[PDB]
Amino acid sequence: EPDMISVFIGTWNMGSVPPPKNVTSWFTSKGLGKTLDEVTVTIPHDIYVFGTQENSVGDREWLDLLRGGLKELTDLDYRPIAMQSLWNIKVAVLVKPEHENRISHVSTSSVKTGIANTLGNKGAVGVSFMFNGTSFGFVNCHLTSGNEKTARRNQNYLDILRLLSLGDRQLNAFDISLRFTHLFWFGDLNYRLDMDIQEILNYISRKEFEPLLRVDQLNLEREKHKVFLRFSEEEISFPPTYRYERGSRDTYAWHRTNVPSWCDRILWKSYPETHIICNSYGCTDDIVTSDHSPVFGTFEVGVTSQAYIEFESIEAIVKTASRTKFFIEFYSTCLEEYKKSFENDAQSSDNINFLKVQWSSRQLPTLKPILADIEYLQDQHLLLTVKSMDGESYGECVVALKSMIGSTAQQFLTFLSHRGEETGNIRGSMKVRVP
């Protein structure tokens, strides 16, 4: 029935002590940054997702605290659809009672990413599900600490990306960056500021965040295309959330030392031509039990209620030295089974590192969707993987059917990726024809 839903994401490193009794500000996006402080009448969200780190409250008691807090806030009995914990890294997903019958295909997963000669218990936990016909993944993580450990954090990220098993077994050809309509990845990512302490404190007291954001390690690693390929993060207008003295937010704790940093982050990655708007991204300033401040993010998200596809041609530019033949596998929830193309019938290159690979219409199968309703087909997506004939994918991508419905073929162009690396691009011409 609903066209759109409101999704809340919270991330909080709790610093190994229990929460204060009142965490209302976290739930309602009140504090610093892009906030919902103007809102006078709380509009309860459809889904609340809580990711925590250094959470030393027993699992049952923690879930009870959250459910109890939401009950008091909303007067609704929110339904925990899933929880997953790995050491003190814990995620929970709660939904309005009315939505319980809209949820299906729930899975959870965890991944350990321990590095020698460092403090352990790092990794990630995840939950995925369907809300009617739209799929969601949520990843909560705690990555390697330390100013000098950027490379370790990047490897943690890649290991989580590769090993987290959320979602359908058939989507094994893809990693979690392409398994869901909407993927939220958050946690104590532990990336720091490349600047000395007194200089950082100066900019924080001036509320001049741009010079700090320029030396944020996460931003810098994303710019290098090493992590979070084509994810989004809302603009940061709140002060660094680590490391505070407990009992107030007036003073940062300090021993390059453990400099104040945006450790705690929310990013997202969505299928093309979908509706998602970020309505808040911020931190609280009245929750003072931990050396981190809680971070909130909220999102309005489109949801879709639970014929043939013909290509004129496909051309891929693939980052590879191989000169063999290639084919494509096509997957989608709108297909009864996955389909495969024939060998490419043309290829060329004037670059030792790249290859242009082409499939004419003849080399490409028509795909048959399970339902011919225009409104159904508009919300669907195709997942493509480019494979060699000898056989391991060279690149995956997603293509939206939204603008392709009709009699004449339409252009598409998108990026190929594999294991967190950009591996080229793919383009073509296709249509989704209904009788």
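Numbering starts at 1 and follows the sequence shown.
- Unmodelled stretch separating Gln306 from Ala307: 10 or more residues (count of deposited-sequence residues without coordinates).
- Taking only CA atoms, the mean B-factor in the PDB entry is higher for 373 to 381 than for the other of 41 to 49 and 373 to 381.
- Per the PDB record, of the two stretches 97 to 105 and 260 to 268, 97 to 105 carries the greater mean B-factor over its C-alpha atoms.
- The entry assigns its greatest Cα B factor, within the set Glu54, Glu396, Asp390, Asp59, to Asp390.
- Across the residues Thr118, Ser110, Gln198, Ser248, the deposited record lists the maximum Cα B factor for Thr118.
- Sorting the modelled residues of the chain by their CA temperature factor places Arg153 in the lowest third.
- Annotation for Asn22: CA B-factor lies in the middle third of the chain's modelled residues.
- Annotation for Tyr252: C-alpha temperature factor in the middle third relative to the rest of the modelled chain, per the entry.
- The PDB entry assigns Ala409 a C-alpha temperature factor belonging to the highest third of its chain's modelled residues.
- Residue-level temperature factors show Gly167 in the highest third of its chain, judged at the C-alpha atom.
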